[PDB]
Amino acid sequence: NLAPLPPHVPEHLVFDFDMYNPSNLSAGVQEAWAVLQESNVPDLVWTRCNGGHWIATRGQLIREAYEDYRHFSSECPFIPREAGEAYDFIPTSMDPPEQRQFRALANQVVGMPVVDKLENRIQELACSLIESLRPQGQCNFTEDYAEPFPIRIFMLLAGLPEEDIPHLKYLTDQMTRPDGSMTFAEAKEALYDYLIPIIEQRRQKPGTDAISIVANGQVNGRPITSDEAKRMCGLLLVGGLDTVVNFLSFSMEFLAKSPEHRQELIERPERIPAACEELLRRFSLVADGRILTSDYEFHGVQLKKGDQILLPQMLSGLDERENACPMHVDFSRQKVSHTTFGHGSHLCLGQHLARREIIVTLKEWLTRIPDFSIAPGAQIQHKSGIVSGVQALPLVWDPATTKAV
Ligand code: HEM
Ligand SMILES: CC1(C)[C@@H]2CC[C@@]1(C)C(=O)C2
């Protein structure tokens, strides 16, 4: 289903890429998206899929667009347009200077100091989850660790019941990797139906949880409104439940296939941080965009007001002009360049939390289960969207080779 080409779009700039169902998905999602960086593809193209929109395919252009909020606004960040229009999360759907005030508040609940205080809890949970799996000799990583570990940590930070995870997770996934079950607007309504009552209670009887902190926060000297708190908490929910969860699976899938990389981290622990950055570059998984506020000529191409442009954060680090042999994983890269956590005024605030969860997982897993692989006959399948992921990851290992700690 390709939409008719708009009058201002030159035919030689057309490349019908479907971000929700790319062609080479079987080869891996990152590989599927990297086709946009082949020599036969211009730096800026137009796809007729998903209603029609532009796509910047180079790190230089992606960074430029993200820095220039004057021309590329966050008002409508999701594709298709219907999704971008229904999108109203704070502070991502706002442009500076308005954005700044809310960003400062959000930083209060997921910023560095919060991570520092939750460190011991993150470590305890990781160790507890791994030790319980260790003797089994097998697991479905996605549902046995990748989901429980980060989500439980977030539910703890937000003060929400673990029983609500299945419900919340489903709604979250519909927003980033649309199933077709429901429209973005409906998924958002449902999520808000859940939050409204909670925020109400937290306003009257505040707690120390992130939601209580957001609901009673102050912005621009005055107090935050119920609506503003609802829209910010909606964002925190999606970020906590559908980001680290998917990234861990990509990384573990790779480590399961590369004994040499596992050994490297086991023998030279001082390399884990560097390795984390490289994995964040190679397995980048986010791709959202902006909307043109007015007619604008960008790198020789004429963009029209209202035109939507996808600026794949995942492509910057895969761009060969930024990283030599981009598909190769090299923990000793002199320079790891990427925009996995974003670029510009909307740089990810939860990246400190994410890095902590990734590093702890790598260290604690390889300590107890240094040897593992993908189950024979299992076919790992990736899924594409605003946030890409792994359908399932069956792992196997010999318990006799594990180490209780
Ligand atoms: C590996 C995991 C993660 C990745 C790759 C990631 C990626 C991103 C990206 C690319 C953006 C910018 C979006 C844009 O410019 O339109 C962003 C923003 C944001 N992320 Fe993360 N994120 C991750 C984890 C988290 C976590 C754990 C949270 C916490 C709930 C979170 C909260 C946020 C917030 C608050 C923003 C909005 C900042 C603003 O608009 O000023 N993220 N993230
Ligand atoms: C693109 C993102 C990864 C970022 C945090 C959650 C997310 C889905 C948004 O809507 C903003």
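Residues numbered from 1 in each chain as written, not as in the entry; some residues may be left out. Chains lettered and ligands numbered in written order. Heavy atoms only, no water.

- This entry, as listed in the PDB, derives from X-ray crystallography and reports a resolution of 2.00 Å.

**Let's talk about the overall build of the protein chain**
Here comes step 1: On a plain count of helices and strands, the protein chain comes out with 16 helices and 14 strands.
Here comes step 2: Expected size for 405 residues packed as a compact globule is a radius of gyration near 22 Å; at 21 Å, the protein chain falls within 12% of this value.
Here comes step 3: With the principal axes as the frame, the protein chain shows a C-alpha extent of 65 × 60 × 40 Å.
Here comes step 4: The buried share of the protein chain, taken over its 405 residues, is 56%.
Here comes step 5: Expressed as a percentage of contacts within the protein chain between residues at least 6 apart in sequence, the contacts between residues at least 24 apart total 71%.
Here comes step 6: Carbon and sulfur atoms provide 49% of the accessible area of the protein chain, an area that totals close to 17,400 Å². (Helix = DSSP H or I, 4+ residues; strand = E, 2+ residues; numbered from the N terminus. Rg over C-alpha atoms; globule rule 2.2 N^0.38 Å. Buried < 20%, exposed > 50% of the residue type's maximum accessible area, 1.4 Å probe, protein only. Contact = heavy atoms within 4.5 Å. Areas by Shrake-Rupley, 256 points an atom, 1.4 Å probe, with all protein chains shown as cover.)

**As for the sheet that holds strand β11 (residues 373-374)**
Here comes step 1: With antiparallel pairing, the three strands of this open sheet are ordered in space as β4-β14-β11. With one partner strand each, in any of the chains shown, β4 (138-140) and β11 form the two edges of the open sheet.
Here comes step 2: Inspection of the sheet shows β4 paired to strand β14 (residues 394-396) by three bridges, in the antiparallel sense. Within the sheet, the bridge partner assigned to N140 lies in β14 and is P394. (Pairing = 2+ DSSP bridges.)

**Structural notes on the nonpolar core**
Here comes step 1: With 131 residues, the main nonpolar core has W33, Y145, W365, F372 and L395 as its most contacted residues.
Here comes step 2: When sequence neighbours within four positions are dropped, the list of residues in contact with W365 reads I130, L133, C139, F141, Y145, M252, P370, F372, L395 and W397. (Core = buried A, V, L, I, M, F, W, Y, C linked by side-chain atoms within 4.5 Å.)

**Topic: the pairing of strand β10 (residues 308-311)**
Here comes step 1: Where burial is concerned, the two faces of β10 agree: the one with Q308 and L310 and the one with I309 and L311 are both buried.
Here comes step 2: As defined by bridge partners, strand β7 (residues 288-292) adjoins β10 across four bridges and the pair is classed as antiparallel. From the neighbouring strand, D288 faces β10, where its bridge partner is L311.

**What about the packing of helix α5 (residues 112-133) against helix α16 (residues 351-368)?**
Here comes step 1: Contact geometry of α5 with α16 gives a least axis separation of 9 Å together with a crossing angle of 30°. The angle between α5 and α16 falls in the class roughly parallel. Remark: the crossing between α5 and α16 carries right-handed chirality. Together, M112, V115, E119, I122, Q123, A126, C127, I130, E131 and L133 of α5 and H352, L353, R356, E357, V360, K363, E364, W365 and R368 of α16 make up the contact between the two elements. (Axes fitted to C-alpha atoms, helices over the stretch in contact; angles between N-to-C directions. Parallel < 35°, antiparallel > 145°, perpendicular 65-115°, else oblique. Left-handed = near helix turned anticlockwise from the far one by under 90°.)

**Some points on empty space enclosed by the protein**
Here comes step 1: The tally for this structure, following the rule as stated, stands at two cavities of 30 Å³ or more.
Here comes step 2: As a volume, the largest cavity reaches approximately 1,100 Å³.
Here comes step 3: Around the largest cavity, the lining comprises 46 residues; the ones closest to its centre are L235, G239, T243, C348 and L349.
Here comes step 4: Mapped onto the lining of the largest cavity, the elements with two or more residues apiece are α4 (98-110), α7 (148-158), α8 (165-176), α11 (226-242), α12 (244-257), β7 and α16. (1 Å grid on protein atoms, 1.4 Å probe; cavity = no way out; pocket = protein on both sides within 12 Å on 5 of 7 lines; lining within 4 Å. Points joined across faces, edges and corners; volume = space filled by probe spheres on them.)

**Remarks on the site of ligand 2**
Here comes step 1: Near ligand 2, the surroundings consist of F78, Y87, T92, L235, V238, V286, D288 and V387.
Here comes step 2: Within the contact set of ligand 2, an oxygen atom lies 2.6 Å away from a side-chain nitrogen or oxygen of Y87.
Here comes step 3: Structurally, ligand 2 is housed in the largest cavity.
Here comes step 4: In the shell around ligand 2, the residues fall into six nonpolar, one polar and one charged. (Near = heavy atom within 4 Å. Polar contact = N/O pair within 3.5 Å; in protein donor to acceptor, adjacent residues only side chain to side chain. Sits in = over half its atoms within 2 Å of the grid points. Nonpolar A, V, L, I, M, F, W, Y, C, P; charged D, E, K, R; others polar.)

**Overview of the UniProt feature "binding site: heme" in the protein chain**
Here comes step 1: Taking the UniProt record as the reference, the feature "binding site: heme" is found at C348.
Here comes step 2: Secondary-structure assignment places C348 in the loop between α15 (313-316) and α16. (UniProt positions renumbered as here; feature names shortened; annotations may be inferred.)

**A look at the site of ligand 1**
Here comes step 1: Not every one of the 23 residues close to ligand 1 is listed here, only the nearest: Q99, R103, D288, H346 and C348.
Here comes step 2: Here an oxygen atom of ligand 1 and a side-chain polar atom of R103 are 2.7 Å apart.
Here comes step 3: Taking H346, its side chain carries an N or O atom lying 2.6 Å from an oxygen atom of ligand 1.
Here comes step 4: Placement of ligand 1 is best described as lying within the largest cavity.
Here comes step 5: If you list the elements that add at least two residues to the shell around ligand 1, you get α4, α11 and β7.
Here comes step 6: Grouping the amino acids of the shell around ligand 1 by side-chain chemistry returns nine nonpolar, eleven polar and three charged.

**Structural notes on the side chain of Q351**
Here comes step 1: Note on placement: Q351 falls in helix α16.
Here comes step 2: When its relative accessible area of 13% is taken as the criterion, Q351 is described as buried.
Here comes step 3: At a separation of 2.7 Å, a polar atom in the side chain of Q351 contacts the main-chain carbonyl oxygen of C348.

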